[PDB]
Every structure is written in C-alpha cells, then in structure tokens.
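*Asks:* requesting a structural model of the entry that follows:
(16 chains)
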Amino acid sequence: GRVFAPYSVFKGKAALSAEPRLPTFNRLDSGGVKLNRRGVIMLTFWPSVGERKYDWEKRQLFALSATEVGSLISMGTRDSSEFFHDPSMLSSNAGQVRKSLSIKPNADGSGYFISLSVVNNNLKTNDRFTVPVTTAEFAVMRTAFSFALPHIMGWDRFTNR
Amino acid sequence: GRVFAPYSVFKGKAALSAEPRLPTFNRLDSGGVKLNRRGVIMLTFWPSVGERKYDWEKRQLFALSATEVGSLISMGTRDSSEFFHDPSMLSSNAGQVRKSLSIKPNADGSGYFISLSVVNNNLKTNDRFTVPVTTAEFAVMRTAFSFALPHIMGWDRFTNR
Amino acid sequence: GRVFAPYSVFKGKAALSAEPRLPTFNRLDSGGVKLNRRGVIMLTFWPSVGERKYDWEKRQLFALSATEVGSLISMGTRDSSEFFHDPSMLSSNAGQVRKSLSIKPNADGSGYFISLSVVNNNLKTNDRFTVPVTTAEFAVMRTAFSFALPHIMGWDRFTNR
Amino acid sequence: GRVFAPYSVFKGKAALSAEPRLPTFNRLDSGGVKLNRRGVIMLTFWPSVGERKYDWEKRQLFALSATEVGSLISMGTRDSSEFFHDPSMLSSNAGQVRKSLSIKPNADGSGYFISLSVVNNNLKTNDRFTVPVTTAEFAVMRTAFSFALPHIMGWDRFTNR
Amino acid sequence: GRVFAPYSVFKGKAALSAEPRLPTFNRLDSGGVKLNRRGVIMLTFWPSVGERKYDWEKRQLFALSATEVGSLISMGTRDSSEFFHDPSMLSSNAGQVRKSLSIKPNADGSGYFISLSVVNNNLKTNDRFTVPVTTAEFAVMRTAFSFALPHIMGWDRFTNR
Amino acid sequence: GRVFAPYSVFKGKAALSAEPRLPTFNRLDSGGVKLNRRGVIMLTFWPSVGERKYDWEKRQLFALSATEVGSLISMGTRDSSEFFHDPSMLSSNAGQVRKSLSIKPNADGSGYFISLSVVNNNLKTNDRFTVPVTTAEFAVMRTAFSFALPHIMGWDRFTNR
Amino acid sequence: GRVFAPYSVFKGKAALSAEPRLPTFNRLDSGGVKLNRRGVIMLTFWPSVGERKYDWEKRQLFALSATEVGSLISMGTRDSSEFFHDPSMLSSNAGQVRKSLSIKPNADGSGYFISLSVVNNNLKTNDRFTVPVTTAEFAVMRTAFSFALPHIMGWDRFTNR
DNA sequence: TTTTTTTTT
DNA sequence: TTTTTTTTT
DNA sequence: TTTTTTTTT
DNA sequence: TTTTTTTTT
DNA sequence: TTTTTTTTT
DNA sequence: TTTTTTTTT
DNA sequence: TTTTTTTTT
DNA sequence: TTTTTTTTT
DNA sequence: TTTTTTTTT
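*Replies:* Numbers count the residues shown, from 1 in each chain, chains lettered A, B, ... in the order given. Find the structure here:
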C-alpha cells in the first residue's frame, strides 16, 4: 500500500513538499533479494495562486538521490549547494528539459532559500519556485532525511529478525 | 534470505562498494540467544578496465569492524586513519596476505581518498585500489554506517515488542 | 500635473532610470483623506543599441515597494538582495511573466551590479539588463530613495500647516 | 594553415575545449603591417549524450577577449567573474541571442565551475553547460592562456629578427 | 617592416595605448651584433572630444624604460609609482618640457589611475590625461609587458637556433 | 632531429632527469594540421651504484601529462601531490605494472622529496627511487615546465608569422 | 654571430652587468643533437674610477648556473642567498681563486645588495664589488632571467616547427 | 619507453 | 616622437 | 487534552 | 570471502 | 558662471 | 506600465 | 512523475 | 562561428 | 673568461 505523509512548508509564492520514495527490489531466482530501482527523497514545488491558496496543477518535482541527500544533511549554516537534473536522461528526448535545485543560506542565517528552476525547450517554458526555510524547518528535513536515508538505500532490509 | 543493497561509488580507476554483513546468532539451550560471529561493514574494491567498465573478477574485500566503523564515522574533515588486516589471522597460513585500508582527506577538503592495498606473499602480488570520495558521498557512508552499526553489533535484537 | 525628474545611470549594455510614483488618495465622505493605491520607486531598464545609444522601445519596469526601498537603503557594502515580482499577480493571467531584481556588490567593492531579469512565458521571451553602479551613484539612490520614502508612503500629508 | 590543438576537459554532463584564434593583419600600402581583426581564446562547450559520449552537434562557443583572458588569469582561488556577450552585437539582429560565461570557485576550493548559458529569443531556446575544473586543470589554462595572450594581441610580431 | 598592434584602453576623458618599440642594433666589424638604441614600451594618451570620439592630434607620448616596466609589473594592488621624464634630456633645450606618469590604485582596488602630465615651458602649456584601468586591463599590461620585456632588452637575440 | 637537453638532479641514492617530449601532429587532407599524440614532460629516475656513479640500466620513466605539469607548477611550499599511472592502460596487459609519483615537501621546507614507485606483477619486482629537490632546483623545474607547457600542448603552433 | 645586449646597472662604487651565455651543442652521429657545455647567466662587476666613470680593466665575472638562477628568481623580498665558486675547479690549480656572490635585502626593503668577492691566493689579491639593486631593477632581472632560463638549459630547442 | 578516452574543422 | 649616460668583445 | 490552514495520488 | 581473541546468563 | 551626453510620457 | 492582500476612522 | 550508468551472489 | 567601437604611422 | 661531475638515445 502507498503512504502519503509529506513534510510540507507553505510560504509566500510557493509551497515545498518532501516525502521518501522507497527502492524497488527484484526477488532473485537464487532466493535472495536484489535492489533494482533506487529510492529518492521526492521534492514537490507548486505556486500560490490568490491568497494562501496554491495551484497543485502547476507542480514540479525533483528527485533527491542518496548522494544529494547526503550532501544536504551535511551542509553548514554558511554552505550552499546546487543540483542539476535531466528528467529524460539517456533517453530519446534528453537535453530538452533541465531542472536545477539550489540551497543557499540567506543573509540573516535564519535558514535557506530552496528554489527549483525548470527550463523546458519543448514547451518553451521557464518556471521557478522559491521557498524560504527557517532553521527549525530545515532541521526537520535534516533529521527526517537522515532517518529516511538508509531506507531509500534499502539498508533497512539488513535486520536481525 | 540474502539482501543486496550496496552503496557503490564509481570513479576513475576503481569502484568502491559498501554493504553490512549481519552477525550470526546461536540459540542457547537455556532458551536465550547469543551473538556468535560478529557483523561487519564489508568493503569491496575493483579495477576499471577500459572506459567506464570495471573488472569484478579483480575485486578485493575489506571487513570493517564495529570499532573501525566507530573510528570512520567520528573523523573530522582534517582527520585520517589507516587499518591493517590479516585475512588468515590466527590460522595456519598467516602473515602471508596483508591488507591495509587508508582514509586520508585530500588537499582541497573536497572529501577523502579511500585506498585498499593488498600484498600477497604466496601469489607474489601487490594490488592497490584508490577511490575519491566527495563530502556528500562520505556523508552517505557516515549516516548509513551509523544506522548499520547497532545492527552489525546485534543491538537491534534489543527491542520492546 | 505629472513630473519627469529621473535619476538615470547610463553604462555599457544598459541604462537604469529611477523615479518615485506617488500614492493615490481617496477623499472619504467623512471629510478625511485615505491612501488608496500605494506609491513606489519605479525602476526602468533599457538596452544600448549601437554606440552610446539606447533602445527605449525595449524597456522593462520594476516597481520598488516601501519595504523593498527600505531593504535597499539599509544594505551594507557587502550585502546583496533579490526581489521577485509577478506583474499580473492575483489576476487572470498570473505566473506568466516573472521579474527579478538583484543587487549584488562587485568584487572590488566599487559599488554594485543591478540587473533586471524578465521571463515571459506568453511571448516566450527572456530579457536581462545589468547596470554597474558606483559607490557615488548608489549613494545618490540611497539618499534620494530615503527622501522619497515618506512621500510614496503618503506620510508627507502629515504636516503642521 | 589551420592548427587544431585544443586543451579539452571532459566531465559529467559537458566537455570544455579551449584554443587560441590568432589576429588577422592587413598589409598597409606604407609597407608596414596593421592588426585588423582581434584574436581571442575560443571556448567550446558541448553536452554528454549517453555514457562518456558527447554531442558535438550541440556545441556553443564563447570568445574570450584580451581583457577577459587578462581577468581570468589574475583570479584568486576565492575570486569569481562573469562575462556577457551578444554574438550579433551592433548588427541588424542584436539582443536576440545572449551568452554569459561564469567562473565561480566551488566550496572546497578544489577549482571552479565554468558554465556557459545561452539564451536565444529567435529559436526560443535556453542552453546551459557547466564543467568542473580542478586546480591543476585551471593551472593549465592560466599558463596556456598567459602564453597565448601576447599572440592573440599580435605582440609576437614585435621580435628582434 | 613596422608593426601596429597597440593594446588600447578607451575611457571617459582619455584613451591609453601601449605598444613595444624594439631596440636598434649595430652590426660590428668583428662580425657580432651590438645593441645600440634601447627598446621601450611606448605609451600614448589622447583626449576625448565629443561623445566617444577622441582627438588623436592632441596625443602625448611616454617611453617606458626597461626598469620602469620592471617597476610596473611588480606592483602590488596597493602600490603606486611615479616616473619623471625630460624629452629633450642632455640636449640643447632641456628642462623646458617635463613629463610625469603616475600609477595610483583607486580606493575600491578595482584597478588604477594612469595619468600623464605634460608641462611645456616653451609653448606655455599644461596637459593632463587620466585613464582608469580595471584589474583585468592592468593584468593584460603586466602579462603583455612581461612578455615584451626581454625583447625590448634585446634578449630575444639569445636563442639556440 | 632529436634533442637531448635534460635537466638533471644527482643525489644520494638516485638521480632525476626531466625533459619535454613534443606532441605529434597529423597533416589533414583539408590542408590544416591536427595534434595527434600528446606531449609530456618525461621523468627519468635511476639508482646510484657505488660512489657517485649511477646505474642507467635500472632506470624507470614517468610521463607527466599537461594537467599533471599544471598541478606541479601550482604547488605551494606546503602542498603535496601524488600521480598514479598504468603504462599498459586500456591494453591487453593492464593492471600488471603500476607507477606512482609523489611530491611531498620535507619538514624544513628546504624543498621536496620526489619519488617514483614501480610495482610490477609480471616480473614480481618492487622499485623505488627518491630524490631530494632544493627550493632552487624545484624553481628550475617550475619555470622550465611552465615554459614547456604550451609546447607539449602544441600551442606553440599558434603564431603570427 | 655573437650578441651583446647586457642588462647593466650603474651605481656609486661599481657597475653590474648581466647577459646570458647559450649552451653549446654537439651533433651526434645518430643525427640527433646533444647539449654539451651548459649555458649560464654571466655577471660582470667593475669598479668606478673617478666620477661616473668605470674601470672595465678591473672587471670580475661570475657565472650563474641553471640552479642558481632558479634560486635567484624565487627569492622573497626578505630572503637572501650566497653562492661560492672556484673558477679553476677540478683542474690543476684549484682552491687558489675563490669567488662568492651574495644577495641580501637591504633594511628598507628597497631592493638588495649584490656583491662579488674575489680572493686570489696566487696574485695575493682581495676584491669586492657591491651594487645596490632597486625593486624595479631586480624585477627586470627576475623576468629577464626567467625568460632566459629555458634557453641556457637548451629547452628552446624543443619546439613544434 | 610513454596511464587512455571522449569531438571537428 | 622617444628622459641620457657609464664599458667590451 | 492538543495552536490551524494550505494540495494529490 | 571476511584480521582473532578474551567471559556468562 | 556652471564638465556633456544618452530616452519618454 | 506597475507583484496583491489583510482593518478603520 | 522521477537525472542514468557501471558488478555479483 | 566569433560581443563592437573609438586613432595613426 | 666561465665552479665540475654523474647517464643515453
């Protein structure tokens, strides 16, 4: 069964939602189990249309990888990072859409700006959702992401009984 | 059932793979359970033959102990460590093979070099696999290794229901 | 009567013009006066076509709000800020055009770069005008903007005779 | 005769190639020689399609000017710069295409990120190639660019025999 | 044949041009070659009449000596120097014209001011051309001047084949 | 014609020799010229048999690449680097021989230790030549290597006449 | 043909002259070329007899070696060095003449003192020429010496066409 | 003898 | 047009 | 008893 | 394949 | 008397 | 042309 | 909907 | 394909 | 006139 327990932050111009997507496994003929498709921490961004109302139809997704999560949780208060993704990588229609996620601290040190840029050369679109993240909110993510990290890696299968 | 969920890092001249090996337990006649063989975090190194293709036949293994993992996760950005192992320790043919694993930070501080040296006085061989590890990648290990530590120790058996 | 006294800075690839737009007031039936539409400090950017000649047809506007002006005048030499606007906010055709104004100090500390990015998903356009601003020129703005701040707020109506 | 000796750096998502383009000279009627068209250090970027294979058809070029090279070679480890170009400057169809090249140090100080953004308002395209440059690789450029600087300026014509 | 490849910087009130003048040599009767007249790095300054148009008729020249170039290239960002010349030195009409070239860093550290003062007691004139020089532009000079230094000294004649 | 002008340093237990190996070029059918095989700075090490006499028969070679030279010349007094090579890389008999060159500063700061380790799993040999390099001697290399860098890259073909 | 392009500094009690002496080569029977006699940067000192007139008959020479030049160019403003030479080294009449060249910074940091001591136990003479060298003058040497270094080493023979 | 490879003209 | 001069081969 | 609300599957 | 060993229930 | 010029309404 | 909205007199 | 790929049991 | 332009001999 | 020597092709 699917599970919907998003950690969501709602703000001025956009909302930010984060929830883990588990790995898929293939049961070998040997009898063992082998991790197939990798888990991620899925990020969802969507725009605020009107006053404290958001347009879920206009959402964009960004899939944090094991490493990227590893990079996010280890950031100092002064650090910043930026990830670049091609949704249709290695496939017939690559280079067409380009996503970038950036985490920069703000001046005050009262947290970060997390923004998702999406450039689409097929539909000729340019989207950008930025959400402010307090120290407290980002602490939730770091702790929740750390917790989730071994699971998206499939390391929660290694258990004594 | 066996489980295959390796955290793997692929790089220039070698690849590095890490996955936990659980402890074995013996069920006492008393009724209780006693930890027998200890768990480890197994490290696998193997060479890159050709372009982004690796020779799995030429792999070497190194078994991180509870303590060694404890040493690895507590390293500062400036720290370095080195472990020495004899695969055939206390056995009939010891001193013949000698493994050493070293973790040194690189100049930049952009992570570490993790190399596995293997000297074999029987086969008269000398092998060395070095893999670069970004801050993000090493953060995955620290978090994944911390998670795994209580399990390889068998402490995950201590649970309320 | 309208008044045209722009503070303008002309430079390599673009020109920058700044002038206040007063608030509108509605005369209450009570007899008093009530501020209706808010004042702004209007910014105009336009491109340099040819040698020291500029294409006024290609201008883009950005309306500084009371707060944003407040943010601009209080910047240290090392500080930087960025504002995001949707011209057609809360209206039928929002999210389509997106403006961002950024003020970053340059390396030397010899002032700032003020750039106006305009992304238009209807016309499928992407515009960007950057103008260098010396310490002296930015001092004009800070002082002129401070002077203008109470007026765009309508606080100049509070006067003893 | 033309000469093809590119210094090239191949990386994850794009490759970076640098080679000098000499100045052109016009032989005066006086008998002397006069530099006509200026030399540049040409930069080529192109995308990685598939695994360690790159799409040369999708390349973009950026022409470093004497001054820009001068700016690049004098950068400290902590410095960053950004250049803006209009391929069709002063011509009938300007403002349509806009290139920007940025050199920012990365966190670690293990070099820089060199990225080339290309926005095309005619074809309605938005391209961006980023390549990581180690300290060693950037040292090659600085030294190679310094060497090349007097030549693209035409100063190698001033020689005693 | 003469060669015209000036490095030129154009600015508000004046332009600055720099190009090497090679040494002259006298072929000894012994068969060898002897450096006669010394090389210099010639500097040309001229005024801006009208808008981005300059009056080449009003130019003044200043001849950098081996040593002076040596002094210029070794300047720190905070350093400043000043050279004094008498065009008609040791000749019948000396003390009449007096040139001084000064290089002072500007406040910001965004480069230097290079000005050429010319006082002429015969024509009763006093001229002064000041040009601002960015870090990048001055880096061109330092590198170009270093390159040129051995040539104006005639050291480029010392070559193995 | 071949040219033999080695910069050589002779010391206690080994000697160190450095000389550039130019790139090879292929003359295109187009008429142009294309760099084929890359240039290197070749390093030769050999042992001292007896008193100030060396065994040239026991030499080992290490080919510095453009990048590696770039890395060497940019080293601070406190920096250290290490390069790893497989003579028979991508060929039928790879992984068999492994060379490593290390440059570590010595305690005093009176220069560096440059050592070449060679492990040969076919002949079952392990060789190591270490040579001390004063600040002055290493300054020769840095300057000589910088000079040589553009040539091994083939950038000396880009010349105005 | 011989070439005479000395960089000379004239001062109170002595003058200092510096010019490169190229290496000699022997053309092998193999067809190649082999560096025979090494190049040097020759230093000449001579006394000032009378007022700004110098006694060229009383000159003394000192031959800078590749390494010594390497040592000279890498000196900090605070550093000092001293070289010792025996003109008739390894020959029948050694130990008789002893030259020493010293470069010490002066108090102010306004350059260095370069002095050449010559003790001759055959003629029973003791000579000493000291010349002051401004920062600018020493900058000429460093740059001119760096330029000359690859040539006296014979590395200028390694050229692509 | 030499760490290779990626993309053109 | 250009700050010169000092000492050789 | 508990600060709520915003958007899906 | 894996550095082991020490002491219980 | 005053360093000017660039683009509108 | 311009990021809006919230609460009075 | 989601940046992929490399090597086993 | 490439940001241009300004001033000579 | 010049600090030399070490090892090849």
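*Asks:* what segments of chain A are strands?
*Replies:* Secondary structure of chain A by DSSP state E: the strands cover A:7-10, A:14-21, A:25-27, A:33-35, A:40-47, A:60-64, A:81-85, A:97-105, A:112-120, A:125-133.
*Asks:* just checking, what packs against the fourth one?
*Replies:* When contacts are defined as 3 or more Cβ pairs under 8 Å, 6 or more residues apart in numbering or on different chains; DSSP states H and E, strand A:33-35 sits against strand A:25-27, strand B:3-4. Quick note: C-beta positions are derived from backbone N, CA and C, even for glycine.
*Asks:* nearest the middle, which residue of chain A would you pick?
*Replies:* Compute the mean C-alpha point of chain A, and by Cα atoms, centre = their mean the closest residue is residue A:43, 3.1 Å away.
*Asks:* that one and residue A:20 touch, don't they?
*Replies:* No. Using Cβ atoms under 8 Å, residue A:43 makes no contact with residue A:20, being 10.9 Å away.
*Asks:* ok so, going back, can you check which of the helices and strands packed on strand A:33-35 gets nearest to chain C?
*Replies:* Closest to chain C of the helices and strands packed on strand A:33-35, according to Cβ to the nearest Cβ: strand A:25-27, at 40.1 Å.
*Asks:* which secondary structure elements does the closest one contact?
*Replies:* Strand A:25-27 is packed against strand A:33-35, with contacts defined by 3+ Cβ pairs under 8 Å, 6+ apart.
*Asks:* run through who's touching stretch A:51-68.
*Replies:* For stretch A:51-68, contacts defined as Cβ atoms under 8 Å, 6 or more residues apart in numbering or on different chains pick out A:10, A:14-15, A:21, A:38-49, A:72, A:83, A:85, A:99, A:101, A:116, A:118, A:127, A:129, A:145, A:149, A:152-153, B:7, B:134, B:136-137, B:140, C:90, C:95.
*Asks:* list buried members of those residues by neighbour count.
*Replies:* A:14-15, A:38-48, A:72, A:83, A:85, A:99, A:101, A:116, A:118, A:127, A:129, A:145, A:149, A:152-153, B:7, B:134, B:136-137, B:140, C:95 (16 or more other Cβ atoms under 10 Å in any protein chain shown).
*Asks:* so what's residue A:10 up against?
*Replies:* When contacts are taken as Cβ under 8 Å, 6+ apart, residue A:10 is in contact with A:52, A:54.
*Asks:* how much space separates it from chain E?
*Replies:* From residue A:10 across to chain E, the span is 43 Å (Cβ to the nearest Cβ, to the nearest Å).
*Asks:* highest average neighbour count across the helices and strands packed on strand A:33-35?
*Replies:* A comparison of the helices and strands packed on strand A:33-35 by mean neighbour count, using mean count of other Cβ atoms under 10 Å in any protein chain shown, puts strand B:3-4 on top with a mean of 16.
*Asks:* picking that back up, can I get the strands of chain A in TSV with distance to DNA strand P?
*Replies:* Output for the strands of chain A, formatted as TSV (distance: least, Cβ to the nearest atom of the strand, whole Å):
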stretch	distance to DNA strand P
strand A:7-10	67
strand A:14-21	62
strand A:25-27	59
strand A:33-35	55
strand A:40-47	57
strand A:60-64	55
strand A:81-85	49
strand A:97-105	52
strand A:112-120	56
strand A:125-133	61
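*Asks:* just confirm residue A:75 contacts residue A:104, I think it does.
*Replies:* No. Contact criterion Cβ under 8 Å: residue A:75 and residue A:104 do not qualify, at 10.3 Å.
*Asks:* not counting its neighbours along the chain, what's nearest the residue with the largest distance to the centre of chain A?
*Replies:* When distances to the mean C-alpha position of chain A are computed (Cα atoms, centre = their mean), the maximum falls on residue A:30, with 34.6 Å. Spatially, and ignoring its direct neighbours in sequence, residue A:30 is nearest to residue B:2 (7.6 Å; Cβ to Cβ, 6 or more residues apart in numbering or on different chains).
*Asks:* just residue A:50 next, same as before
*Replies:* Of all residues not flanking residue A:50 in the chain, residue C:90 sits nearest, at 6.3 Å (Cβ to Cβ, 6+ apart).
*Asks:* go on, residue A:122?
*Replies:* Excluding its sequence neighbours, the residue lying closest to residue A:122 (Cβ to Cβ, 6+ apart) is residue A:96, at 5.0 Å.
*Asks:* whether the longest helix belonging to chain A contacts DNA strand N - can you check?
*Replies:* Longest helix in chain A by number of residues (criterion: DSSP state H): helix A:135-153. No. Residues of helix A:135-153 are not located near DNA strand N by Cβ under 7 Å from any atom of the strand, the shortest gap being 11.8 Å.
*Asks:* partner residues bridging the residue of chain A found nearest DNA strand L?
*Replies:* Across chain A, the shortest distance to DNA strand L (Cβ to the nearest atom of the strand) belongs to residue A:126, at 28.2 Å. Residue A:126 has these beta-bridge partners by DSSP bridges: residue A:119.
*Asks:* enumerate every residue touching it.
*Replies:* Residues in contact with residue A:126 (Cβ under 8 Å, 6+ apart) are A:117-120, C:98, C:119, C:121, C:126, D:126.
*Asks:* any chance of those in a markdown table, with distance to residue E:26 too?
*Replies:* Listed next are the contacts of residue A:126 as a markdown table, based on distance: Cβ to Cβ, whole Å:
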| residue | distance to residue E:26 |
| --- | --- |
| A:117 | 68 |
| A:118 | 72 |
| A:119 | 67 |
| A:120 | 72 |
| C:98 | 71 |
| C:119 | 68 |
| C:121 | 74 |
| C:126 | 64 |
| D:126 | 63 |
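*Asks:* still on that earlier bit, beta partners of the residue nearest to the centre of chain A?
*Replies:* Here residue A:43 sits in beta bridges with residue A:18, residue A:62, going by DSSP bridges.
*Asks:* how many neighbours does residue A:22 have?
*Replies:* 15 (other Cβ atoms under 10 Å in any protein chain shown).
*Asks:* contacting residues around the closest residue to it other than its chain neighbours?
*Replies:* Sequence neighbours aside, residue A:39 is the residue nearest to residue A:22 in space, at 5.1 Å (criterion: Cβ to Cβ, 6+ apart). Going by Cβ under 8 Å, 6+ apart, residue A:39 touches A:20-23, A:66, A:151-154.
*Asks:* out of those, flag the one nearest to residue G:79.
*Replies:* residue A:66 (51.1 Å; Cβ to Cβ).
*Asks:* burial of the closest one, as a residue count?
*Replies:* Residue A:66 has 25 neighbouring residues, counting by other Cβ under 10 Å.
*Asks:* go ahead and confirm residue A:132 touches residue A:11.
*Replies:* Yes. With contact defined as Cβ under 8 Å, residue A:132 reaches residue A:11; the gap is 5.5 Å.
*Asks:* distance check, the residue in chain A that DNA strand K sits nearest to against residue A:157.
*Replies:* Nearest to DNA strand K, among the residues of chain A, is residue A:32, at 12.6 Å (Cβ to the nearest atom of the strand). Note on residue A:32: its distance to residue A:157, by Cβ to Cβ, to the nearest Å, is 11 Å.
*Asks:* list the contacts of the one residue in chain A that gets nearest to chain E.
*Replies:* Residue nearest to chain E within chain A: residue A:107 (22.1 Å; Cβ to the nearest Cβ). Contacts for residue A:107 (Cβ under 8 Å, 6+ apart) come out as C:79-81.
*Asks:* give the ChimeraX command for selecting the buried subset of the residues you listed.
*Replies:* To isolate the buried subset of those in ChimeraX, counting by 16+ other Cβ under 10 Å, use the following:
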select /C:81
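*Asks:* thanks again, I'm all set now.
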